[PDB]
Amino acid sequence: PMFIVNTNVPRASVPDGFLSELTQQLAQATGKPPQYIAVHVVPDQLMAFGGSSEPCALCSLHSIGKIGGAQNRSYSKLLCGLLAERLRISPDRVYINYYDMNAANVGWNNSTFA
């Protein structure tokens, strides 16, 4: 699975080890080995939520399987909690797009996961 976070929160406001924490937390949440987890944090972004420039975040979680109604509700609770605690972003100013990818549409190591 791969998780990306785009936020207007300053770089200096991103705690050391945040990437490591995301990796471990996602490994547990998805049940996938951490070796397969990819995390990407993009701070200092020019963005707005509801017209406001208050702290916010636009995220995405791509996974081959492990995506569904209940699971996504669970991932959101987890991720919003992490963003609220580590970056001080209000959960109601966070959007997380979930993508259930087909193995044939994910390239890796010169081939695909098909």
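Residue positions are given as counts along the sequence shown, with the first one as 1.
On average the C-alpha atoms of 65-73 have higher B-factors than those of the other stretch, with 65-73 and 35-43 being the two compared. Stretch comparison (96-104 versus 14-22) by mean CA B-factor in the PDB entry places 14-22 on top.
When the modelled residues of the chain are ordered by their C-alpha B factor, residue 29 lands in the highest third. In this PDB entry, residue 87 carries a Cα temperature factor that places it within the highest third of its chain's modelled residues.
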